[PDB]
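Have a look at data_34.cif below; it lists mmCIF, N, CA and C atoms and all ligand atoms.
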data_query
#
loop_
_atom_site.label_atom_id
_atom_site.label_comp_id
_atom_site.auth_asym_id
_atom_site.auth_seq_id
_atom_site.Cartn_x
_atom_site.Cartn_y
_atom_site.Cartn_z
N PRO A 1 103.09 147.00 84.59
CA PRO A 1 103.73 146.30 83.45
C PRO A 1 103.07 146.63 82.11
N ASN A 2 103.88 146.69 81.06
CA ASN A 2 103.38 147.01 79.73
C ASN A 2 103.30 145.78 78.82
N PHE A 3 102.08 145.35 78.51
CA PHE A 3 101.87 144.19 77.64
C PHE A 3 101.70 144.65 76.19
N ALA A 4 101.59 145.96 76.01
CA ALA A 4 101.39 146.53 74.69
C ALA A 4 102.54 146.29 73.72
N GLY A 5 102.17 146.16 72.45
CA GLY A 5 103.15 145.93 71.41
C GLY A 5 102.71 144.82 70.49
N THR A 6 103.64 144.35 69.67
CA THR A 6 103.37 143.27 68.75
C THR A 6 104.27 142.09 69.16
N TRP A 7 103.67 140.90 69.27
CA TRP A 7 104.41 139.70 69.69
C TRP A 7 104.29 138.52 68.74
N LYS A 8 105.35 137.71 68.70
CA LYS A 8 105.38 136.51 67.89
C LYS A 8 105.76 135.33 68.78
N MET A 9 105.29 134.15 68.40
CA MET A 9 105.47 132.99 69.28
C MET A 9 106.84 132.32 69.17
N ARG A 10 107.38 132.14 70.38
CA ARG A 10 108.68 131.50 70.61
C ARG A 10 108.49 130.01 70.83
N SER A 11 107.42 129.64 71.52
CA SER A 11 107.15 128.23 71.74
C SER A 11 105.77 127.98 72.28
N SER A 12 105.24 126.82 71.90
CA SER A 12 103.93 126.38 72.32
C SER A 12 104.15 125.01 72.96
N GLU A 13 103.26 124.63 73.87
CA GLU A 13 103.40 123.35 74.54
C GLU A 13 102.01 122.83 74.91
N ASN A 14 101.65 121.68 74.35
CA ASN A 14 100.35 121.05 74.59
C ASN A 14 99.16 121.73 73.98
N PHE A 15 99.35 122.47 72.89
CA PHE A 15 98.20 123.12 72.29
C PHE A 15 97.26 122.04 71.74
N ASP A 16 97.83 120.96 71.21
CA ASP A 16 97.00 119.90 70.66
C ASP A 16 96.27 119.16 71.79
N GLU A 17 96.98 118.85 72.87
CA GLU A 17 96.35 118.17 74.00
C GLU A 17 95.21 119.02 74.56
N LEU A 18 95.38 120.34 74.49
CA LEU A 18 94.37 121.26 74.98
C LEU A 18 93.13 121.08 74.13
N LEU A 19 93.32 121.13 72.81
CA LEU A 19 92.20 120.96 71.89
C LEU A 19 91.55 119.57 72.05
N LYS A 20 92.34 118.58 72.46
CA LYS A 20 91.82 117.23 72.70
C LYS A 20 90.86 117.36 73.86
N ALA A 21 91.39 117.83 74.98
CA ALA A 21 90.62 118.01 76.20
C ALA A 21 89.31 118.76 75.98
N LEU A 22 89.27 119.64 74.99
CA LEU A 22 88.06 120.41 74.71
C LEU A 22 87.16 119.72 73.68
N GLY A 23 87.57 118.52 73.26
CA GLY A 23 86.81 117.74 72.30
C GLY A 23 86.75 118.22 70.86
N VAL A 24 87.84 118.77 70.34
CA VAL A 24 87.85 119.24 68.97
C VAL A 24 88.19 118.12 67.99
N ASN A 25 87.48 118.09 66.87
CA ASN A 25 87.69 117.08 65.84
C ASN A 25 89.12 117.03 65.35
N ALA A 26 89.70 115.83 65.34
CA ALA A 26 91.07 115.63 64.89
C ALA A 26 91.41 116.41 63.62
N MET A 27 90.46 116.53 62.69
CA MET A 27 90.74 117.28 61.47
C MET A 27 90.76 118.77 61.70
N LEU A 28 89.99 119.23 62.68
CA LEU A 28 89.97 120.65 63.01
C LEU A 28 91.27 120.99 63.74
N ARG A 29 91.67 120.12 64.66
CA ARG A 29 92.91 120.30 65.41
C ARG A 29 94.08 120.40 64.44
N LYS A 30 94.06 119.56 63.41
CA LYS A 30 95.10 119.55 62.39
C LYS A 30 95.20 120.97 61.81
N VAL A 31 94.06 121.57 61.51
CA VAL A 31 94.00 122.92 60.95
C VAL A 31 94.43 123.96 61.98
N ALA A 32 93.83 123.87 63.17
CA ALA A 32 94.13 124.79 64.27
C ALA A 32 95.61 124.78 64.65
N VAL A 33 96.12 123.60 64.98
CA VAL A 33 97.52 123.48 65.36
C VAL A 33 98.41 124.12 64.31
N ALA A 34 98.05 123.89 63.05
CA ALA A 34 98.80 124.44 61.93
C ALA A 34 98.78 125.96 61.99
N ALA A 35 97.58 126.52 62.02
CA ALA A 35 97.43 127.97 62.05
C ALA A 35 98.08 128.59 63.28
N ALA A 36 97.88 127.95 64.43
CA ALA A 36 98.41 128.44 65.69
C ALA A 36 99.93 128.50 65.77
N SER A 37 100.62 127.84 64.84
CA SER A 37 102.09 127.84 64.84
C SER A 37 102.68 129.21 64.52
N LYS A 38 102.05 129.94 63.59
CA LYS A 38 102.53 131.27 63.20
C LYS A 38 101.50 132.35 63.54
N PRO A 39 101.20 132.54 64.83
CA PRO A 39 100.22 133.57 65.21
C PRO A 39 100.87 134.95 65.35
N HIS A 40 100.12 135.99 65.02
CA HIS A 40 100.61 137.36 65.18
C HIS A 40 99.77 137.98 66.30
N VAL A 41 100.41 138.58 67.29
CA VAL A 41 99.66 139.16 68.39
C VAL A 41 99.88 140.65 68.60
N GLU A 42 98.78 141.39 68.60
CA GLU A 42 98.82 142.83 68.82
C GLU A 42 98.15 143.15 70.15
N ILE A 43 98.84 143.90 71.00
CA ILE A 43 98.29 144.29 72.28
C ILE A 43 98.40 145.79 72.53
N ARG A 44 97.27 146.44 72.75
CA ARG A 44 97.25 147.86 73.06
C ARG A 44 96.75 147.90 74.50
N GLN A 45 97.45 148.63 75.35
CA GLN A 45 97.08 148.73 76.75
C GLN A 45 97.05 150.17 77.26
N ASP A 46 96.18 150.39 78.23
CA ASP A 46 96.00 151.69 78.86
C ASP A 46 95.57 151.36 80.28
N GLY A 47 96.54 151.14 81.16
CA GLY A 47 96.20 150.79 82.53
C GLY A 47 95.50 149.44 82.49
N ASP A 48 94.35 149.31 83.14
CA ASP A 48 93.62 148.05 83.15
C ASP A 48 92.85 147.84 81.86
N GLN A 49 92.93 148.79 80.94
CA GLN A 49 92.21 148.66 79.67
C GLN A 49 93.09 147.88 78.69
N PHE A 50 92.56 146.79 78.13
CA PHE A 50 93.30 145.95 77.20
C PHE A 50 92.63 145.65 75.87
N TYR A 51 93.45 145.64 74.82
CA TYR A 51 93.01 145.29 73.47
C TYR A 51 93.99 144.22 73.02
N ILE A 52 93.48 143.06 72.64
CA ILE A 52 94.35 141.98 72.18
C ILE A 52 93.84 141.35 70.90
N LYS A 53 94.62 141.48 69.83
CA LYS A 53 94.24 140.89 68.55
C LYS A 53 95.19 139.74 68.27
N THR A 54 94.61 138.58 68.02
CA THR A 54 95.40 137.40 67.73
C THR A 54 95.05 136.93 66.32
N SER A 55 96.03 136.96 65.43
CA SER A 55 95.77 136.57 64.06
C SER A 55 96.54 135.38 63.53
N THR A 56 95.84 134.58 62.74
CA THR A 56 96.40 133.42 62.06
C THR A 56 95.73 133.52 60.71
N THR A 57 96.02 132.58 59.82
CA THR A 57 95.45 132.60 58.49
C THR A 57 93.97 132.24 58.45
N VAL A 58 93.58 131.27 59.27
CA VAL A 58 92.20 130.78 59.29
C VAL A 58 91.26 131.36 60.33
N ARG A 59 91.79 132.15 61.27
CA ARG A 59 90.95 132.71 62.34
C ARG A 59 91.65 133.84 63.08
N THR A 60 90.93 134.93 63.32
CA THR A 60 91.46 136.07 64.05
C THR A 60 90.45 136.46 65.11
N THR A 61 90.93 136.63 66.34
CA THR A 61 90.07 137.02 67.45
C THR A 61 90.52 138.38 68.00
N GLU A 62 89.54 139.22 68.31
CA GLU A 62 89.80 140.54 68.87
C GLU A 62 89.04 140.68 70.18
N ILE A 63 89.76 140.71 71.29
CA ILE A 63 89.08 140.88 72.56
C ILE A 63 89.45 142.21 73.16
N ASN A 64 88.53 142.73 73.95
CA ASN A 64 88.68 144.02 74.59
C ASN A 64 88.14 143.87 76.00
N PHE A 65 88.88 144.33 77.00
CA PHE A 65 88.39 144.20 78.37
C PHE A 65 89.08 145.14 79.34
N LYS A 66 88.52 145.22 80.54
CA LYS A 66 89.06 146.07 81.59
C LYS A 66 89.28 145.11 82.76
N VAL A 67 90.51 144.97 83.23
CA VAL A 67 90.75 144.05 84.35
C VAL A 67 89.86 144.44 85.52
N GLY A 68 89.11 143.47 86.01
CA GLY A 68 88.20 143.73 87.11
C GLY A 68 86.77 143.76 86.61
N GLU A 69 86.59 143.79 85.30
CA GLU A 69 85.25 143.81 84.70
C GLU A 69 85.05 142.67 83.74
N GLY A 70 83.98 141.91 83.92
CA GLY A 70 83.71 140.80 83.03
C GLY A 70 83.42 141.24 81.61
N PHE A 71 83.68 140.35 80.65
CA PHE A 71 83.43 140.64 79.23
C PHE A 71 83.11 139.34 78.51
N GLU A 72 82.69 139.45 77.25
CA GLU A 72 82.38 138.26 76.47
C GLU A 72 83.43 138.02 75.41
N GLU A 73 83.88 136.78 75.30
CA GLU A 73 84.86 136.40 74.31
C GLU A 73 84.55 134.95 73.95
N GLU A 74 85.48 134.27 73.28
CA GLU A 74 85.26 132.88 72.94
C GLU A 74 86.33 132.04 73.60
N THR A 75 86.01 130.77 73.81
CA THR A 75 86.96 129.84 74.39
C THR A 75 87.95 129.48 73.28
N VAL A 76 88.94 128.65 73.59
CA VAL A 76 89.93 128.27 72.59
C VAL A 76 89.28 127.49 71.45
N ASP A 77 88.25 126.71 71.78
CA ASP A 77 87.53 125.91 70.80
C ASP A 77 86.31 126.61 70.21
N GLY A 78 86.30 127.94 70.23
CA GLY A 78 85.19 128.67 69.63
C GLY A 78 83.89 128.88 70.40
N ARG A 79 83.69 128.15 71.49
CA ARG A 79 82.46 128.31 72.29
C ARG A 79 82.40 129.73 72.86
N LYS A 80 81.23 130.36 72.82
CA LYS A 80 81.11 131.72 73.34
C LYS A 80 81.02 131.64 74.87
N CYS A 81 81.77 132.49 75.56
CA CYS A 81 81.79 132.46 77.02
C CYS A 81 81.79 133.82 77.73
N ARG A 82 81.66 133.75 79.04
CA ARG A 82 81.66 134.90 79.92
C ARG A 82 83.04 134.89 80.57
N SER A 83 83.77 135.99 80.47
CA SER A 83 85.12 136.05 81.05
C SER A 83 85.29 137.03 82.21
N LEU A 84 86.14 136.65 83.17
CA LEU A 84 86.43 137.43 84.38
C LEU A 84 87.93 137.66 84.59
N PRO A 85 88.47 138.73 84.00
CA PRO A 85 89.90 139.08 84.12
C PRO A 85 90.23 139.63 85.51
N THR A 86 91.38 139.23 86.05
CA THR A 86 91.80 139.67 87.38
C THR A 86 93.31 139.72 87.47
N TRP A 87 93.85 140.65 88.26
CA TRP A 87 95.30 140.69 88.43
C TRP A 87 95.67 139.62 89.45
N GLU A 88 96.23 138.50 89.00
CA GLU A 88 96.62 137.46 89.94
C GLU A 88 97.75 138.05 90.79
N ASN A 89 98.61 138.82 90.13
CA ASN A 89 99.73 139.52 90.77
C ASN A 89 100.01 140.75 89.91
N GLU A 90 101.05 141.50 90.26
CA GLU A 90 101.37 142.72 89.54
C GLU A 90 101.55 142.59 88.02
N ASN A 91 102.17 141.51 87.56
CA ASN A 91 102.42 141.32 86.13
C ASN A 91 101.64 140.17 85.48
N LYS A 92 100.62 139.67 86.17
CA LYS A 92 99.87 138.54 85.65
C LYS A 92 98.36 138.71 85.71
N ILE A 93 97.71 138.42 84.59
CA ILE A 93 96.27 138.53 84.52
C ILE A 93 95.71 137.12 84.50
N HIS A 94 94.72 136.86 85.35
CA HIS A 94 94.10 135.55 85.39
C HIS A 94 92.70 135.74 84.84
N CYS A 95 92.23 134.83 84.01
CA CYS A 95 90.89 135.01 83.46
C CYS A 95 90.07 133.74 83.50
N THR A 96 88.97 133.78 84.25
CA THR A 96 88.06 132.65 84.39
C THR A 96 86.99 132.74 83.32
N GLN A 97 86.60 131.59 82.77
CA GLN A 97 85.56 131.57 81.75
C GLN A 97 84.42 130.63 82.14
N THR A 98 83.20 131.08 81.92
CA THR A 98 82.03 130.25 82.18
C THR A 98 81.28 130.28 80.86
N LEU A 99 81.01 129.10 80.30
CA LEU A 99 80.30 129.01 79.02
C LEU A 99 78.93 129.64 79.09
N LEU A 100 78.54 130.40 78.06
CA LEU A 100 77.21 131.02 78.05
C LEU A 100 76.17 129.93 77.86
N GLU A 101 76.30 129.19 76.77
CA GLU A 101 75.38 128.10 76.47
C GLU A 101 76.07 126.74 76.52
N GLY A 102 75.37 125.78 77.11
CA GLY A 102 75.90 124.44 77.22
C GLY A 102 76.79 124.27 78.43
N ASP A 103 77.53 123.17 78.45
CA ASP A 103 78.44 122.86 79.54
C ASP A 103 79.68 122.22 78.94
N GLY A 104 80.79 122.27 79.67
CA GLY A 104 82.02 121.70 79.17
C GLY A 104 83.12 121.72 80.20
N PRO A 105 84.38 121.59 79.77
CA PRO A 105 85.53 121.59 80.67
C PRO A 105 85.71 122.98 81.28
N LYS A 106 86.16 123.04 82.53
CA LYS A 106 86.40 124.33 83.16
C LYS A 106 87.64 124.94 82.52
N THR A 107 87.46 126.06 81.82
CA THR A 107 88.57 126.72 81.15
C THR A 107 88.89 128.10 81.68
N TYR A 108 90.13 128.52 81.44
CA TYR A 108 90.61 129.83 81.85
C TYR A 108 91.91 130.06 81.08
N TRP A 109 92.39 131.29 81.10
CA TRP A 109 93.65 131.60 80.46
C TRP A 109 94.32 132.59 81.38
N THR A 110 95.63 132.72 81.25
CA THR A 110 96.37 133.68 82.07
C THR A 110 97.48 134.25 81.23
N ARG A 111 97.61 135.56 81.23
CA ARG A 111 98.69 136.17 80.48
C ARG A 111 99.61 136.81 81.49
N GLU A 112 100.89 136.47 81.38
CA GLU A 112 101.90 136.95 82.31
C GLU A 112 103.10 137.60 81.62
N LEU A 113 103.52 138.74 82.14
CA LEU A 113 104.66 139.42 81.54
C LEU A 113 105.87 139.12 82.41
N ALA A 114 106.82 138.37 81.87
CA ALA A 114 108.00 138.00 82.63
C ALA A 114 109.29 138.11 81.82
N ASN A 115 110.15 139.04 82.22
CA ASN A 115 111.43 139.23 81.54
C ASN A 115 111.24 139.58 80.08
N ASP A 116 110.34 140.51 79.82
CA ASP A 116 110.04 140.97 78.47
C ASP A 116 109.48 139.85 77.58
N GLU A 117 109.08 138.74 78.21
CA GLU A 117 108.47 137.64 77.48
C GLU A 117 107.02 137.51 77.95
N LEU A 118 106.12 137.27 77.01
CA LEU A 118 104.72 137.13 77.34
C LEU A 118 104.35 135.64 77.44
N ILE A 119 104.12 135.15 78.66
CA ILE A 119 103.72 133.76 78.88
C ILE A 119 102.19 133.63 78.88
N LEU A 120 101.65 132.93 77.88
CA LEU A 120 100.20 132.71 77.78
C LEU A 120 99.90 131.29 78.23
N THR A 121 98.85 131.13 79.03
CA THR A 121 98.47 129.82 79.53
C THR A 121 97.00 129.53 79.30
N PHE A 122 96.71 128.35 78.76
CA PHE A 122 95.34 127.93 78.53
C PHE A 122 95.10 126.69 79.36
N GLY A 123 94.06 126.73 80.18
CA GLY A 123 93.73 125.57 81.00
C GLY A 123 92.39 125.01 80.58
N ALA A 124 92.31 123.69 80.49
CA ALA A 124 91.08 122.99 80.15
C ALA A 124 91.10 121.85 81.16
N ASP A 125 90.49 122.10 82.32
CA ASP A 125 90.50 121.13 83.41
C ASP A 125 91.95 120.84 83.79
N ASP A 126 92.34 119.56 83.79
CA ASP A 126 93.70 119.19 84.16
C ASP A 126 94.77 119.57 83.15
N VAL A 127 94.38 119.74 81.90
CA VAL A 127 95.33 120.07 80.84
C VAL A 127 95.77 121.55 80.85
N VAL A 128 97.07 121.76 80.69
CA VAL A 128 97.64 123.11 80.68
C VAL A 128 98.49 123.32 79.42
N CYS A 129 98.18 124.38 78.68
CA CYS A 129 98.92 124.72 77.48
C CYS A 129 99.73 125.99 77.76
N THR A 130 101.02 125.96 77.46
CA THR A 130 101.86 127.13 77.68
C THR A 130 102.44 127.68 76.38
N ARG A 131 102.17 128.95 76.09
CA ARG A 131 102.70 129.58 74.88
C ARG A 131 103.53 130.81 75.26
N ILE A 132 104.81 130.80 74.88
CA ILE A 132 105.72 131.91 75.19
C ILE A 132 105.82 132.88 73.99
N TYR A 133 105.69 134.17 74.25
CA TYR A 133 105.81 135.15 73.17
C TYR A 133 106.93 136.13 73.46
N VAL A 134 107.51 136.66 72.39
CA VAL A 134 108.59 137.63 72.51
C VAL A 134 108.19 138.86 71.70
N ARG A 135 108.72 140.02 72.07
CA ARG A 135 108.39 141.24 71.34
C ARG A 135 109.01 141.27 69.97
N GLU A 136 108.16 141.22 68.96
CA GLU A 136 108.61 141.26 67.58
C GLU A 136 109.25 142.62 67.32
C1 LIG B 201 89.94 125.70 62.22
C2 LIG B 201 89.17 126.37 63.37
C3 LIG B 201 88.24 127.42 62.75
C4 LIG B 201 88.31 125.32 64.08
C5 LIG B 201 87.70 125.88 65.40
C6 LIG B 201 88.78 126.17 66.45
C7 LIG B 201 89.24 124.82 67.03
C8 LIG B 201 88.19 126.97 67.61
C9 LIG B 201 90.00 126.95 65.84
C10 LIG B 201 90.94 127.58 66.70
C11 LIG B 201 92.04 128.31 66.18
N1 LIG B 201 92.93 128.95 67.11
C12 LIG B 201 94.05 129.66 66.80
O1 LIG B 201 94.42 129.80 65.62
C13 LIG B 201 94.85 130.31 67.88
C14 LIG B 201 95.98 131.11 67.54
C15 LIG B 201 96.72 131.75 68.55
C16 LIG B 201 96.33 131.62 69.90
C17 LIG B 201 97.07 132.30 70.93
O2 LIG B 201 98.29 132.08 71.06
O3 LIG B 201 96.57 133.30 71.51
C18 LIG B 201 95.21 130.82 70.25
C19 LIG B 201 94.47 130.16 69.24
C20 LIG B 201 92.21 128.39 64.76
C21 LIG B 201 91.31 127.78 63.88
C22 LIG B 201 90.18 127.08 64.36
#
As structure tokens, what does this structure read like?
Ligand SMILES: CC1(C)CCC(C)(C)c2cc(NC(=O)c3ccc(C(=O)O)cc3)ccc21
Amino acid sequence: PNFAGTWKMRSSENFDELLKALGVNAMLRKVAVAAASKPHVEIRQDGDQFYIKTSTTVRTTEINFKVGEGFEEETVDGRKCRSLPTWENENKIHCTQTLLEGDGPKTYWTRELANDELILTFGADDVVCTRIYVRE
């Protein structure tokens, strides 16, 4: 499956509840939720090699990884973590995160390519956030 290209968000669900579950300050969530509404996503892929740039006005993250090989990135709430990308299935990547410093909610994300739509999922313990993207 090809995740490469530029994507824009079609819908988000529970992004605020996610930030709640991760203990983010109501005023920060206000800013985050706002910025997260109009995110721009760039994905360059080469087999298991992935480049994903996510941009908003107040924060842009650039992650690079090889499915099957751990890498370092940040959690949704900015905490630096250790990540473990894996092919859950042919078109879905599952990624487990373990915080480098401190302790917190068990988090992970999963990116799935389904019907030319990119389904992004953020988990913070029991809370699940679903963000659907379409090819811009
Ligand atoms: C105000 C500030 C600095 C506070 C710290 C946290 C709470 C860490 C934070 C998080 C975001 N996150 C996003 O903007 C975002 C956009 C798109 C996606 C996605 O769909 O991939 C995910 C997250 C934006 C701003 C901030």
Restrict the calculation to all atoms listed in the file, then for each residue of chain A with any atom at most 5 Å from an atom of ligand LIG 201 (chain B) give the closest atom pair and their distance in Å to one decimal, rows by chain and rising residue number, as a tab-separated table.
residue	atom	partner	partner_atom	distance
A:31	C	B:LIG201	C1	4.8
A:32	CA	B:LIG201	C20	4.1
A:35	C	B:LIG201	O1	4.5
A:36	CA	B:LIG201	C14	4.1
A:76	C	B:LIG201	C8	4.0
A:77	C	B:LIG201	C8	3.2
A:78	N	B:LIG201	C8	3.4
### Query
Hey, what's within 8 Å of residue A:2 if we count only N, CA and C atoms and toss same-chain stuff fewer than 4 positions away? As a count of residues only, please?
4
#### Entry: Polymer residues at most 8 Å from (104.0, 137.6, 88.8) by all atoms listed in the file, as number ranges by chain
A: 88-93, 112-114
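Rounded to one decimal, atom CA of residue A:98 and atom CA of residue A:49 lie 21.2 Å from each other.
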### Query
If you run DSSP on the backbone, which residues of stretch 11-134 of chain A are alpha helix (DSSP H), as an NGL selection string?
:A and (15-21 or 26-37)
Give me the residues near residue A:82 as a short mmCIF file (atom, residue, chain, number, x, y, z; two decimals) with N, CA and C atoms, keeping the file's coordinate frame, where near means some atom within 8 Å (using all atoms listed in the file) and where sequence neighbours in that chain fewer than 2 positions away do not count.
data_model
loop_
_atom_site.label_atom_id
_atom_site.label_comp_id
_atom_site.auth_asym_id
_atom_site.auth_seq_id
_atom_site.Cartn_x
_atom_site.Cartn_y
_atom_site.Cartn_z
N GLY A 70 83.98 141.91 83.92
CA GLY A 70 83.71 140.80 83.03
C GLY A 70 83.42 141.24 81.61
N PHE A 71 83.68 140.35 80.65
CA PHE A 71 83.43 140.64 79.23
C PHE A 71 83.11 139.34 78.51
N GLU A 72 82.69 139.45 77.25
CA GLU A 72 82.38 138.26 76.47
C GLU A 72 83.43 138.02 75.41
N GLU A 73 83.88 136.78 75.30
CA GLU A 73 84.86 136.40 74.31
C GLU A 73 84.55 134.95 73.95
N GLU A 74 85.48 134.27 73.28
CA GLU A 74 85.26 132.88 72.94
C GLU A 74 86.33 132.04 73.60
N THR A 75 86.01 130.77 73.81
CA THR A 75 86.96 129.84 74.39
C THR A 75 87.95 129.48 73.28
N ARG A 79 83.69 128.15 71.49
CA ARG A 79 82.46 128.31 72.29
C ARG A 79 82.40 129.73 72.86
N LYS A 80 81.23 130.36 72.82
CA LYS A 80 81.11 131.72 73.34
C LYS A 80 81.02 131.64 74.87
N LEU A 84 86.14 136.65 83.17
CA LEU A 84 86.43 137.43 84.38
C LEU A 84 87.93 137.66 84.59
N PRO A 85 88.47 138.73 84.00
CA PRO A 85 89.90 139.08 84.12
C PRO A 85 90.23 139.63 85.51
N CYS A 95 92.23 134.83 84.01
CA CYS A 95 90.89 135.01 83.46
C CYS A 95 90.07 133.74 83.50
N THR A 96 88.97 133.78 84.25
CA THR A 96 88.06 132.65 84.39
C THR A 96 86.99 132.74 83.32
N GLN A 97 86.60 131.59 82.77
CA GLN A 97 85.56 131.57 81.75
C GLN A 97 84.42 130.63 82.14
N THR A 98 83.20 131.08 81.92
CA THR A 98 82.03 130.25 82.18
C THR A 98 81.28 130.28 80.86
N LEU A 99 81.01 129.10 80.30
CA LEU A 99 80.30 129.01 79.02
C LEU A 99 78.93 129.64 79.09
N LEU A 100 78.54 130.40 78.06
CA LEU A 100 77.21 131.02 78.05
C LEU A 100 76.17 129.93 77.86
N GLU A 101 76.30 129.19 76.77
CA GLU A 101 75.38 128.10 76.47
C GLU A 101 76.07 126.74 76.52
#
### Query
Out of A:39, A:123, A:102, A:68, which residue has the shortest atom-to-atom distance to residue A:54 when counting only N, CA and C atoms?
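Smallest separation from residue A:54 among the options: A:39.
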### Query
Could you work out how far atom C of residue A:53 lies from atom C of residue A:6, giving the answer in Å with one decimal?
9.4 Å
#### Entry: One-decimal distance in Å that lies between atom CA of residue A:5 and atom CA of residue A:34
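Pair atom CA of residue A:34 / atom CA of residue A:5 returns 23.9 Å.
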